[PDB]
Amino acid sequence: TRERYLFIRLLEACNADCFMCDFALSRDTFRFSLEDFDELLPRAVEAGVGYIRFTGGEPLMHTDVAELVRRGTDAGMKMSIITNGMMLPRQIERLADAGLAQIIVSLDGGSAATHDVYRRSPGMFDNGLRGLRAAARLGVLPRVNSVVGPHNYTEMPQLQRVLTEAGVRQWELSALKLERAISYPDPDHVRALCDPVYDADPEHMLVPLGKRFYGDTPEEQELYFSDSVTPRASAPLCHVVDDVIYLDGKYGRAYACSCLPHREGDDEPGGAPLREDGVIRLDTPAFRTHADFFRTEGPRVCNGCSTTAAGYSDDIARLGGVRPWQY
């Protein structure tokens, strides 16, 4: 059994205003507690978890995020945080001293003039880049998440050499996901600008993780451009559901991957309950049933997968294993 990733949606509140996320302008009051994390830690330790990644709205708004990293690290967990970067320069020193192993910053443009518009938060791009440079010199692994659609794909060649020059060592480039259909006016122009980004020398240019956001095979690219179906785990099986646990903190839901919490599917809550009798438990029979469904059906029904997770499952299918921070 491999080293698993545990996502915790610490909170839903956020300080940004992104057009594409439900937590834009969220002032929700739920806060995942240190008491919850103390009960969860031994359960994740025996569940084979080696990575705990904090997400949500904006985790740097959680007043305990540094103490959570400190306690997770003291239990042997490789700690990671996904942030929009606005507060990262102010907290990266304390986070690094607390044992933070990886920082993920979400950038959706090659410059402040575009990113700060997409997230409607002037100064967020600049603070994200500072926090990445500061994390690099503090020994933290710097990764960037990018969401790309018709509105910003021409910026990706510029973001690539910005990230490269800044010392970022991992880059997720995944497609915009919305309920409504997403159509590019000219898919050939998307390939003409973005194929060189993926065809760059990884020795000199940061090329993104996993699959290309518009697909790798001609069939995947047709399914993405013509029918807005995002690339997912190929092959017959998805193996991400064995290595990833995503805890929707506010509600009581645990998911077998980091994209299934954002799906629609049924109407009753997705995933499985995190608690059985007020007691936090992992890999419950309901959770194993939830994961078993998407292990078989994921490659066939999942319209909201990410490029990182698709490449993760494929490496398990072809190679039998993944490198440390492949998720």
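We number the residues from 1 along the sequence you see.
**Student:** Report the stretch with the higher mean CA temperature factor, choosing between 263 to 271 and 42 to 50 on the basis of the entry.
**Tutor:** Between 42 to 50 and 263 to 271, it is 263 to 271 that shows the higher mean C-alpha B-factor.
**Student:** Per the record, averaged over C-alpha atoms, which has the higher B-factor: 105 to 113 or 220 to 228?
**Tutor:** The recorded data point to 220 to 228.
**Student:** Reading the B-factor column of the entry, which of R180, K250, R130, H151 has the highest value at its C-alpha atom?
**Tutor:** Each of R180, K250, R130, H151 was compared by C-alpha B-factor; the highest is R180.
**Student:** What third of the chain, by the recorded C-alpha B-factor, contains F32?
**Tutor:** It belongs to the lowest third of the chain when residues are ordered by C-alpha B-factor.
**Student:** Place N303 in the lowest, middle or highest third of its chain's C-alpha B-factors, as listed in the PDB entry.
**Tutor:** Highest third of the chain for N303's C-alpha B-factor.
**Student:** Name the third of the chain's ranked CA B-factors that contains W171, choosing lowest, middle or highest.
**Tutor:** Lowest third.
**Student:** By the recorded C-alpha temperature factor, relative to the other modelled residues in its chain, which third is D22 in?
**Tutor:** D22: CA B-factor falls in the middle third of its chain.
**Student:** Ranking every modelled residue in this chain by its Cα temperature factor as given in the entry, which third contains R143?
**Tutor:** Lowest third, going by the recorded CA B-factors of the chain.
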